[PDB]
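> Have a look at the structure that comes next, please.
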Amino acid sequence: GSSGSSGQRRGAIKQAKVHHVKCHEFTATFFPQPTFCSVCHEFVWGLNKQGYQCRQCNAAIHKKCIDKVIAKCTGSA
Ligand SMILES: [Zn+2]
Ligand SMILES: [Zn+2]
C-alpha cells in the first residue's frame, strides 16, 4: 500500500528587461521579412541576424546601428 501527489511547480521566467536608447525600446526581435534600416538604410534580411525594434515608433535597425541612433521617438496612440 502506498500513495503520492503529482505536485505543482512553477517558474517559467528566465529574464526580462528593455534597453532605452534615445527614447527607443529596442528588443531583440527576428524580422521574418526584409526591412530597410532607419539609420544605415540597409536591407535587414540577413539569415540569423538579430535586430532591434522599438516599442513606440517601432523602428527596425541593426544591432550595430543602435549607437548611430539620434532621431527622437514620436510615439503611437
Ligand atoms: Zn522609438
Ligand atoms: Zn542598419
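Residues are referred to by chain and number: the chain letter is A, B, ... according to the order shown in the C-alpha cells, the number counts from 1 in that chain, and ligands are numbered separately from 1 in the order shown.
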Sorted by chain and rising residue number, which residues of chain A lie within 9 Å of ligand 2, and what are their closest atom pairs and distances in Å to one decimal, counting only C-alpha atoms and all ligand atoms, as JSON lines?

{"residue": "A:36", "atom": "CA", "partner": "ligand 2", "partner_atom_place_in_ligand_line": "1 (Zn)", "distance": 7.7}
{"residue": "A:37", "atom": "CA", "partner": "ligand 2", "partner_atom_place_in_ligand_line": "1 (Zn)", "distance": 4.6}
{"residue": "A:38", "atom": "CA", "partner": "ligand 2", "partner_atom_place_in_ligand_line": "1 (Zn)", "distance": 6.6}
{"residue": "A:39", "atom": "CA", "partner": "ligand 2", "partner_atom_place_in_ligand_line": "1 (Zn)", "distance": 5.5}
{"residue": "A:40", "atom": "CA", "partner": "ligand 2", "partner_atom_place_in_ligand_line": "1 (Zn)", "distance": 4.3}
{"residue": "A:41", "atom": "CA", "partner": "ligand 2", "partner_atom_place_in_ligand_line": "1 (Zn)", "distance": 5.8}
{"residue": "A:42", "atom": "CA", "partner": "ligand 2", "partner_atom_place_in_ligand_line": "1 (Zn)", "distance": 5.6}
{"residue": "A:43", "atom": "CA", "partner": "ligand 2", "partner_atom_place_in_ligand_line": "1 (Zn)", "distance": 7.8}
{"residue": "A:44", "atom": "CA", "partner": "ligand 2", "partner_atom_place_in_ligand_line": "1 (Zn)", "distance": 7.2}
{"residue": "A:51", "atom": "CA", "partner": "ligand 2", "partner_atom_place_in_ligand_line": "1 (Zn)", "distance": 8.7}
{"residue": "A:60", "atom": "CA", "partner": "ligand 2", "partner_atom_place_in_ligand_line": "1 (Zn)", "distance": 8.1}
{"residue": "A:61", "atom": "CA", "partner": "ligand 2", "partner_atom_place_in_ligand_line": "1 (Zn)", "distance": 4.8}
{"residue": "A:62", "atom": "CA", "partner": "ligand 2", "partner_atom_place_in_ligand_line": "1 (Zn)", "distance": 4.2}
{"residue": "A:63", "atom": "CA", "partner": "ligand 2", "partner_atom_place_in_ligand_line": "1 (Zn)", "distance": 7.4}
{"residue": "A:64", "atom": "CA", "partner": "ligand 2", "partner_atom_place_in_ligand_line": "1 (Zn)", "distance": 6.8}
{"residue": "A:65", "atom": "CA", "partner": "ligand 2", "partner_atom_place_in_ligand_line": "1 (Zn)", "distance": 4.8}
{"residue": "A:66", "atom": "CA", "partner": "ligand 2", "partner_atom_place_in_ligand_line": "1 (Zn)", "distance": 8.1}
{"residue": "A:68", "atom": "CA", "partner": "ligand 2", "partner_atom_place_in_ligand_line": "1 (Zn)", "distance": 8.7}
> Selection from above, N, CA and C atoms, as a PDB file, in the first residue's frame, can you write it?

ATOM      1  N   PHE A  36      14.150  47.611 -44.373  1.00  0.00           N
ATOM      2  CA  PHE A  36      15.251  48.555 -44.525  1.00  0.00           C
ATOM      3  C   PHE A  36      15.529  49.281 -43.212  1.00  0.00           C
ATOM      4  N   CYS A  37      16.807  49.409 -42.873  1.00  0.00           N
ATOM      5  CA  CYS A  37      17.209  50.082 -41.643  1.00  0.00           C
ATOM      6  C   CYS A  37      16.798  51.551 -41.668  1.00  0.00           C
ATOM      7  N   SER A  38      16.717  52.157 -40.488  1.00  0.00           N
ATOM      8  CA  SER A  38      16.332  53.559 -40.372  1.00  0.00           C
ATOM      9  C   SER A  38      17.563  54.458 -40.316  1.00  0.00           C
ATOM     10  N   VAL A  39      18.687  53.886 -39.895  1.00  0.00           N
ATOM     11  CA  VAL A  39      19.935  54.634 -39.796  1.00  0.00           C
ATOM     12  C   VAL A  39      20.798  54.429 -41.035  1.00  0.00           C
ATOM     13  N   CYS A  40      21.422  53.260 -41.128  1.00  0.00           N
ATOM     14  CA  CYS A  40      22.279  52.938 -42.263  1.00  0.00           C
ATOM     15  C   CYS A  40      21.457  52.800 -43.542  1.00  0.00           C
ATOM     16  N   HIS A  41      20.165  52.531 -43.383  1.00  0.00           N
ATOM     17  CA  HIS A  41      19.271  52.375 -44.524  1.00  0.00           C
ATOM     18  C   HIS A  41      19.696  51.196 -45.392  1.00  0.00           C
ATOM     19  N   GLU A  42      19.894  50.042 -44.760  1.00  0.00           N
ATOM     20  CA  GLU A  42      20.306  48.841 -45.475  1.00  0.00           C
ATOM     21  C   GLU A  42      19.307  47.708 -45.254  1.00  0.00           C
ATOM     22  N   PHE A  43      19.113  46.889 -46.282  1.00  0.00           N
ATOM     23  CA  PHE A  43      18.184  45.768 -46.202  1.00  0.00           C
ATOM     24  C   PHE A  43      18.523  44.864 -45.020  1.00  0.00           C
ATOM     25  N   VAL A  44      17.577  44.729 -44.095  1.00  0.00           N
ATOM     26  CA  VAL A  44      17.774  43.895 -42.916  1.00  0.00           C
ATOM     27  C   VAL A  44      17.127  42.526 -43.098  1.00  0.00           C
ATOM     28  N   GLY A  51      18.011  41.776 -34.811  1.00  0.00           N
ATOM     29  CA  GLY A  51      17.974  43.221 -34.940  1.00  0.00           C
ATOM     30  C   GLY A  51      17.352  43.894 -33.733  1.00  0.00           C
ATOM     31  N   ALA A  60      13.008  49.622 -37.026  1.00  0.00           N
ATOM     32  CA  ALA A  60      13.883  48.467 -37.195  1.00  0.00           C
ATOM     33  C   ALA A  60      15.292  48.898 -37.583  1.00  0.00           C
ATOM     34  N   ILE A  61      16.278  48.437 -36.819  1.00  0.00           N
ATOM     35  CA  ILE A  61      17.671  48.774 -37.083  1.00  0.00           C
ATOM     36  C   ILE A  61      18.603  47.653 -36.639  1.00  0.00           C
ATOM     37  N   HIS A  62      19.766  47.569 -37.275  1.00  0.00           N
ATOM     38  CA  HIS A  62      20.748  46.543 -36.944  1.00  0.00           C
ATOM     39  C   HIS A  62      21.314  46.764 -35.544  1.00  0.00           C
ATOM     40  N   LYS A  63      21.883  45.711 -34.968  1.00  0.00           N
ATOM     41  CA  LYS A  63      22.463  45.789 -33.632  1.00  0.00           C
ATOM     42  C   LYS A  63      23.568  46.839 -33.580  1.00  0.00           C
ATOM     43  N   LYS A  64      24.319  46.955 -34.670  1.00  0.00           N
ATOM     44  CA  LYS A  64      25.409  47.922 -34.751  1.00  0.00           C
ATOM     45  C   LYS A  64      24.867  49.332 -34.964  1.00  0.00           C
ATOM     46  N   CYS A  65      23.658  49.423 -35.507  1.00  0.00           N
ATOM     47  CA  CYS A  65      23.028  50.712 -35.763  1.00  0.00           C
ATOM     48  C   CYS A  65      22.250  51.189 -34.539  1.00  0.00           C
ATOM     49  N   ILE A  66      22.646  50.705 -33.367  1.00  0.00           N
ATOM     50  CA  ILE A  66      21.988  51.082 -32.123  1.00  0.00           C
ATOM     51  C   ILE A  66      22.602  52.349 -31.539  1.00  0.00           C
ATOM     52  N   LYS A  68      24.167  54.560 -33.533  1.00  0.00           N
ATOM     53  CA  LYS A  68      24.032  55.572 -34.574  1.00  0.00           C
ATOM     54  C   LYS A  68      22.604  56.107 -34.630  1.00  0.00           C
TER      55      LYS A  68
END
> With a cut-off of 10 Å, could you pull out the residues of chain A touching ligand 1 and give me the nearest pair of atoms for each, distance in Å to one decimal, using only C-alpha atoms and all ligand atoms, ordered by chain and ascending number, as a tab-separated table?

residue	atom	partner	partner_atom_place_in_ligand_line	distance
A:20	CA	ligand 1	1 (Zn)	9.1
A:21	CA	ligand 1	1 (Zn)	8.4
A:22	CA	ligand 1	1 (Zn)	7.6
A:23	CA	ligand 1	1 (Zn)	5.9
A:24	CA	ligand 1	1 (Zn)	3.8
A:25	CA	ligand 1	1 (Zn)	6.3
A:26	CA	ligand 1	1 (Zn)	7.8
A:53	CA	ligand 1	1 (Zn)	7.8
A:54	CA	ligand 1	1 (Zn)	4.6
A:55	CA	ligand 1	1 (Zn)	6.2
A:56	CA	ligand 1	1 (Zn)	4.9
A:57	CA	ligand 1	1 (Zn)	4.1
A:58	CA	ligand 1	1 (Zn)	5.6
A:59	CA	ligand 1	1 (Zn)	5.9
A:60	CA	ligand 1	1 (Zn)	9.2
A:69	CA	ligand 1	1 (Zn)	9.8
A:71	CA	ligand 1	1 (Zn)	8.7
A:72	CA	ligand 1	1 (Zn)	7.0
A:73	CA	ligand 1	1 (Zn)	4.3
A:74	CA	ligand 1	1 (Zn)	7.0
A:75	CA	ligand 1	1 (Zn)	6.9
A:76	CA	ligand 1	1 (Zn)	9.4
> So how far away is atom CA of residue A:67 from atom CA of residue A:17, in Å?
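We find that atom CA of residue A:17 and atom CA of residue A:67 lie 18.5 Å from each other.
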> Pick out each residue of chain A that DSSP on the backbone tags as strand (DSSP E); I need them as a short mmCIF file (atom, residue, chain, number, x, y, z; two decimals) with N, CA, C and O atoms, in the first residue's frame.

data_model
loop_
_atom_site.label_atom_id
_atom_site.label_comp_id
_atom_site.auth_asym_id
_atom_site.auth_seq_id
_atom_site.Cartn_x
_atom_site.Cartn_y
_atom_site.Cartn_z
N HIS A 19 16.02 47.89 -23.28
CA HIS A 19 17.05 48.91 -23.46
C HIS A 19 16.43 50.22 -23.92
O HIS A 19 15.72 50.26 -24.92
N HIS A 20 16.71 51.30 -23.19
CA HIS A 20 16.18 52.61 -23.53
C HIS A 20 17.26 53.48 -24.17
O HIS A 20 18.10 54.06 -23.48
N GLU A 25 12.69 51.66 -27.19
CA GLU A 25 12.78 50.38 -26.50
C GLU A 25 13.17 49.27 -27.47
O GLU A 25 12.31 48.53 -27.95
N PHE A 26 14.47 49.15 -27.74
CA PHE A 26 14.97 48.13 -28.65
C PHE A 26 14.89 46.75 -28.01
O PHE A 26 15.48 46.51 -26.95
N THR A 27 14.17 45.84 -28.65
CA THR A 27 14.02 44.48 -28.14
C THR A 27 14.40 43.45 -29.20
O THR A 27 13.85 43.44 -30.29
N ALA A 28 15.35 42.59 -28.86
CA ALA A 28 15.81 41.55 -29.78
C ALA A 28 14.63 40.87 -30.46
O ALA A 28 13.93 40.06 -29.86
N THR A 29 14.41 41.20 -31.73
CA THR A 29 13.32 40.63 -32.50
C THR A 29 13.81 40.10 -33.85
O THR A 29 14.75 40.63 -34.43
N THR A 35 13.40 44.16 -44.07
CA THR A 35 13.09 45.54 -43.70
C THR A 35 14.32 46.43 -43.79
O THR A 35 15.40 46.05 -43.34
N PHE A 36 14.15 47.61 -44.37
CA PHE A 36 15.25 48.55 -44.52
C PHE A 36 15.53 49.28 -43.21
O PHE A 36 14.61 49.72 -42.52
N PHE A 43 19.11 46.89 -46.28
CA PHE A 43 18.18 45.77 -46.20
C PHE A 43 18.52 44.86 -45.02
O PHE A 43 19.62 44.30 -44.95
N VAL A 44 17.58 44.73 -44.10
CA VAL A 44 17.77 43.90 -42.92
C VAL A 44 17.13 42.53 -43.10
O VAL A 44 16.18 42.18 -42.39
N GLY A 51 18.01 41.78 -34.81
CA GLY A 51 17.97 43.22 -34.94
C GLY A 51 17.35 43.89 -33.73
O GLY A 51 17.34 43.33 -32.64
N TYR A 52 16.83 45.10 -33.93
CA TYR A 52 16.21 45.85 -32.85
C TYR A 52 14.97 46.59 -33.35
O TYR A 52 15.00 47.25 -34.39
N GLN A 53 13.88 46.48 -32.59
CA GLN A 53 12.63 47.13 -32.95
C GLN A 53 12.03 47.86 -31.76
O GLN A 53 11.73 47.25 -30.73
N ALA A 60 13.01 49.62 -37.03
CA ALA A 60 13.88 48.47 -37.20
C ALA A 60 15.29 48.90 -37.58
O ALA A 60 15.48 49.63 -38.55
N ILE A 61 16.28 48.44 -36.82
CA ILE A 61 17.67 48.77 -37.08
C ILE A 61 18.60 47.65 -36.64
O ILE A 61 18.28 46.88 -35.74
N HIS A 62 19.77 47.57 -37.28
CA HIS A 62 20.75 46.54 -36.94
C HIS A 62 21.31 46.76 -35.54
O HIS A 62 21.24 47.87 -35.00
#
> State, in Å with one decimal place, the distance from atom CA of residue A:45 to atom CA of residue A:30.
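Here the two named atoms are 9.6 Å from each other.
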> Looking at only C-alpha atoms, which of A:13, A:5, A:32, A:70 is the one that sits closest to residue A:49?
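Closest to residue A:49 of all the choices is A:32.
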